[PDB]
Structures are given as structure tokens and as C-alpha cells.
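Report on the following structure.
Atoms within each ligand, like the ligands themselves, are counted from 1 in listed order. Counting begins at 1 with the first residue of the sequence.
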Amino acid sequence: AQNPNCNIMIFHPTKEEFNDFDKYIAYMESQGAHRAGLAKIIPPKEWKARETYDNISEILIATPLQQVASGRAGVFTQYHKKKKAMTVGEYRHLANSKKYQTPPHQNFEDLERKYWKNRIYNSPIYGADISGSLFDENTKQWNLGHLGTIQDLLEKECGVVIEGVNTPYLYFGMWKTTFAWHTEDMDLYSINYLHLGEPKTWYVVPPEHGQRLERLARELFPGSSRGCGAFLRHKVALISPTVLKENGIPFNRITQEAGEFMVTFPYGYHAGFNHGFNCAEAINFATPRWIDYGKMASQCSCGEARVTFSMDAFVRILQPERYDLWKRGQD
Ligand SMILES: O=C(O)CNC(=O)C(=O)O
Ligand SMILES: [Mg+2]
Ligand code: NI
Ligand SMILES: [Zn+2]
């Protein structure tokens, strides 16, 4: 078995190898990359996502989210308070202000220590989940707005034809902005490109051990667990690496820098934080290997997780028993 310790793998495709996205994903899995839940892909040196970022300040963040924490430093939840709209130029100036900017630090490890010590005492503002793309239309390789759709994958593998569309999302971050522990909707893959700015640190649990993280989360967030049988779908819970190590949860960490892709694999729990002002683009995708994960994915029916139009069809076709109750939650 390849990659039996479930380490995060780093790939350096040539420009030739970067032509065929599907083929490269299958390659990475042939080497065991999926076992980690997360892989890094460094694009060939000849590739670029777009010519310059010189003109992005006019993008609107219609609903910036203030991420307010509750709990203790290593075990907390966050709620998202909606803020007034602002442009990316306005958000970047806020990120760089004395109140919100990255503190002085020695290296990524010192910064990680400071994040886990101090996160809960601040409320950074995250411009998350903005439909759009920063890839140039002329970028033909690994252009996250030109991928094969999940609906088309389901049609090719299973014959069934369904409604829905699959488009990318932009994320504008600042110091301490946080993504809570989650898997993707319907345990899909994700791919995330860091277009510019400061790094993003990721933590990940191997898919084969995801249920260990779930059991810990039920112990650490016991009221949330009684409220919903899949409350990590709410995307609000944080657990630090220290706490994971104290409880024997297998995990890995890696820091993504500007210009790099990350892929999350089906049922790979992940969480993390931004080091400073940045912009990422991400989208969900599927392969044939995902189908079985999609059939088995948990679902929030308490009603809180409230997800996309396109997820309806996935549930309806892959999980027809759950359909009914999942849609009672979503209506
Ligand atoms: O970048 C972020 O805030 C969160 N991204 C993801 O969870 C992802 O790409 O799957
Ligand atoms: Mg602009
Ligand atoms: Ni994700
Ligand atoms: Zn729920």
C-alpha cells in the first residue's frame, strides 16, 4: 500500500504533466496521496494563473464575516457576524491595519504558536465564499473555472442526468481568519489555489481516521452533538493540534504559499488559518473514486448547515433514503 503513514505529499508536475487534470489526480492517488486527506501541488515554473493581480481591488465583498470565538484556546467555536460590504481594496487596508495585521514573529512555527495561543481573543474579518474566479480565461491548465463538473462526472459514471452547476469561490483572508474542521459537501474533493498574499496553514486528518476526529468532537462539543448527528457540517468547531495530540488523533499539517495548489480528498477533515492578507480560489470536484464516499456522506438534517442548490440532486440520487429528511432540514 502506498503512503501507509498517510503523510501529506508534495507534487511538482512538469508542464507536460499539467495538461490533463484528471490524469494527474489519478497519478497522485496511485502514489497514495489521498491517504493523507490533503496534497500540495506546485505548478510548473512556466505556468501562471493570470498576468498580474494589479487590478483586484474593485471586487466587492458583499458580506464580510467577523469570526467571533467562544471557548478555550485549544477548543472553541466561532460564529460569523455579518458586516457591511466593502471592496477588496478596503479589506486589504483593514487587514494591514494595526488592529488586524500579522504580529512580528520569527518563522511559521512561531506564528502558529501565536495563532493557537491568541486566536480566541480576537475577531478577524473573512471575505469568504464569494462566487467568482481570478484565473485568466486564457489559462488552460488547472483553471478552476474550467474543470469538468460534478454533474457531468455523475452522468459519466452512473448515467443519470441532473440539474445543478459547479462554480468557484474566492476567499479573502487576514491574520487569524479561520476555517473550522470539516469535510466537503457530500465528501467531495476540493482544490484550492492561493492566488496572492500571505500563507495559509492547513491541518488534516487521514480519511481512514475521520471517525476518530468525529468521536473526539462529540466529546468536546457535547451539546452540539446532541443537537445534530453531523454537526461538523456546521463548520464552526476548532480543535488545536495540541488537543488532537493529547487525544491521540492522527493528523498532519502543512503551510500553503502563494502560487501553490492544495487538494483535499474525500472525507479528509481539514481546518486552518491565514497568516495575513491573502486571496484563495477553491472549488469542489469529483472523480470516479468519490462516488462511494458521496453515497456514505453524513448529513446535517438539524437545518443549520443549509447548503447549495446542486447538493439537492446529489442527495436525491446517491442517498434517496435520506432525501425526504435532509430536505425537511433544507426547507
Ligand atoms: O481557504 C479556506 O478558508 C477554506 N478552504 C477549504 O476548506 C477548501 O479549499 O476546501
Ligand atoms: Mg477590481
Ligand atoms: Ni474545505
Ligand atoms: Zn446540523
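Taking each heavy atom of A230 and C300 in turn, the nearest pair found is CB-N, 3.9 Å. Taking both residues in full, the closest heavy atoms of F277 and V88 are given as CZ-CG1, 4.4 Å, listed atom of the first, atom of the second, then distance. Contact detail for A313 and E163: the closest heavy-atom pair is CB-OE2, 3.6 Å.
The distance criterion of under 3.5 Å between nitrogen or oxygen atoms is not met by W202 with respect to ligand 1. On a distance-only criterion, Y171 and ligand 1 share no N/O pair closer than 3.5 Å. Between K200 and ligand 1, at least one N/O pair is under 3.5 Å apart.
Nearest-heavy-atom check against atom 8 (C) of ligand 1 across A128, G127, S190 picks out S190.
Residue-environment remark: CD (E109) stays at or below the threshold of 12 foreign heavy atoms within 6.0 Å.
The part of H270 lying near ligand 1 is the side chain, judged by heavy-atom distances below 4.0 Å.
In the vicinity of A282, heavy-atom distances shorter than 4.0 Å reach the ligand 1 atoms 9 (O). Shown in contact with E184 at under 4.0 Å from a heavy atom are these atoms of ligand 1, numbered in order with element: 10 (O).
How far SG of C6 is from CG of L38: 12.5 Å, rounded to the nearest 0.5 Å.
The Ni ion (ligand 3) has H182 NE2, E184 OE2, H270 NE2 as its protein N, O or S neighbours under 2.8 Å.
Between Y171 and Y126, the ring planes lie tilted relative to each other; the angle falls in the 30° to 60° range.
Within the 6.0 Å centre-distance limit, the rings of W142 and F21 are counted as a close aromatic pair. Two rings, from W290 and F285, have their centers 6.0 Å or more apart. In this structure, the ring of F221 has its center no less than 6.0 angstrom from the ring center of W181. Taking the ring centroids of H93 and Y91, they lie at or beyond the 6.0 Å cut-off.
For the residue pair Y293/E184, the side-chain donor-acceptor check at 3.5 Å is not satisfied.
What sits closest to atom 2 (C) of ligand 1 on the protein, heavy atoms only, is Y126 OH, 3.4 Å. Of the protein's heavy atoms, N192 ND2, 3.6 Å lies nearest to atom 5 (N) of ligand 1.
Distances from ligand 1 to the non-hydrogen atoms of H182 include at least one value under 4.0 Å.
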